Amino acid sequence: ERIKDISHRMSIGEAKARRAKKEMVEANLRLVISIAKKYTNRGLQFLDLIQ
DNA sequence: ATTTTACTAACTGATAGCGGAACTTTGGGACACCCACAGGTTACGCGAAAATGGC
């Protein structure tokens, strides 16, 4: 019972942190693009710089 | 008696190994705020076959 409770609490915490981190990343994708716009034509393509 | 040769020991060079310090190399970090791209192009022409549109 105790290990099951600990596992459920840990899984919930990791899921919540992962969701929040995903929200932040999806919000700032546009900042990533704005930064990567300035390093084109240096051997890498635009999408590689974005990733 | 003399000359040629076979045997042996010492020198030397190549080479594998090691030490160690310098040198190259890799991974991490940086906290004012910054938040959607190019990006040249095309005066072809012809025939087929494949994909769309019409009622």
# chains A, B, ... in the order shown; residues from 1 in each chain; ligands from 1

$ select_by_dssp --residues "chain A" --states "alpha helix (DSSP H)" --output "number ranges by chain"
A: 2-36, 46-50

$ interface_residues --of "chain A" --to "chain B" --cutoff "9 Å" --atoms "only C-alpha atoms (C1' of nucleotides)" --output "ChimeraX atom specification"
/A:27-35,37,46

$ write_last_selection --atoms "N, CA, C and O atoms" --output "mmCIF file, in the first residue's frame"
data_model
loop_
_atom_site.group_PDB
_atom_site.id
_atom_site.type_symbol
_atom_site.label_atom_id
_atom_site.label_comp_id
_atom_site.auth_asym_id
_atom_site.auth_seq_id
_atom_site.Cartn_x
_atom_site.Cartn_y
_atom_site.Cartn_z
ATOM 1 N N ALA A 27 4.952 28.103 -25.331
ATOM 2 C CA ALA A 27 4.810 29.553 -25.334
ATOM 3 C C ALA A 27 6.025 30.231 -25.957
ATOM 4 O O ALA A 27 5.879 31.199 -26.711
ATOM 5 N N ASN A 28 7.231 29.737 -25.666
ATOM 6 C CA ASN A 28 8.457 30.424 -26.071
ATOM 7 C C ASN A 28 9.055 29.918 -27.389
ATOM 8 O O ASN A 28 10.160 30.344 -27.767
ATOM 9 N N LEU A 29 8.369 29.008 -28.083
ATOM 10 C CA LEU A 29 8.829 28.597 -29.412
ATOM 11 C C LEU A 29 9.057 29.794 -30.335
ATOM 12 O O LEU A 29 9.982 29.793 -31.162
ATOM 13 N N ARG A 30 8.220 30.826 -30.213
ATOM 14 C CA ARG A 30 8.358 31.998 -31.071
ATOM 15 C C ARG A 30 9.642 32.762 -30.767
ATOM 16 O O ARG A 30 10.298 33.276 -31.682
ATOM 17 N N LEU A 31 10.015 32.848 -29.490
ATOM 18 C CA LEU A 31 11.306 33.426 -29.134
ATOM 19 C C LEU A 31 12.444 32.613 -29.728
ATOM 20 O O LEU A 31 13.444 33.174 -30.200
ATOM 21 N N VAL A 32 12.310 31.286 -29.704
ATOM 22 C CA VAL A 32 13.337 30.438 -30.309
ATOM 23 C C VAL A 32 13.507 30.788 -31.783
ATOM 24 O O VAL A 32 14.630 30.916 -32.286
ATOM 25 N N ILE A 33 12.392 30.950 -32.495
ATOM 26 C CA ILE A 33 12.464 31.281 -33.917
ATOM 27 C C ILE A 33 13.090 32.655 -34.129
ATOM 28 O O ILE A 33 13.913 32.845 -35.037
ATOM 29 N N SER A 34 12.713 33.634 -33.303
ATOM 30 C CA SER A 34 13.274 34.975 -33.450
ATOM 31 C C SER A 34 14.785 34.965 -33.262
ATOM 32 O O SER A 34 15.509 35.681 -33.962
ATOM 33 N N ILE A 35 15.281 34.167 -32.316
ATOM 34 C CA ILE A 35 16.725 34.075 -32.117
ATOM 35 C C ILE A 35 17.386 33.350 -33.284
ATOM 36 O O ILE A 35 18.423 33.785 -33.797
ATOM 37 N N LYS A 37 16.563 33.103 -36.318
ATOM 38 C CA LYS A 37 16.523 33.800 -37.598
ATOM 39 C C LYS A 37 17.868 34.415 -37.980
ATOM 40 O O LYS A 37 18.112 34.652 -39.167
ATOM 41 N N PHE A 46 17.345 26.297 -41.689
ATOM 42 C CA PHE A 46 16.558 27.047 -40.717
ATOM 43 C C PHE A 46 15.943 26.130 -39.667
ATOM 44 O O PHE A 46 15.978 26.433 -38.467
#

$ atom_distance --atom1 "atom CA of residue 51 of chain A" --atom2 "atom CA of residue 26 of chain A"
12.7 Å

$ closest_residue --among "A:23, A:15, A:8, A:36" --to "residue 50 of chain A" --atoms "only C-alpha atoms"
A:36
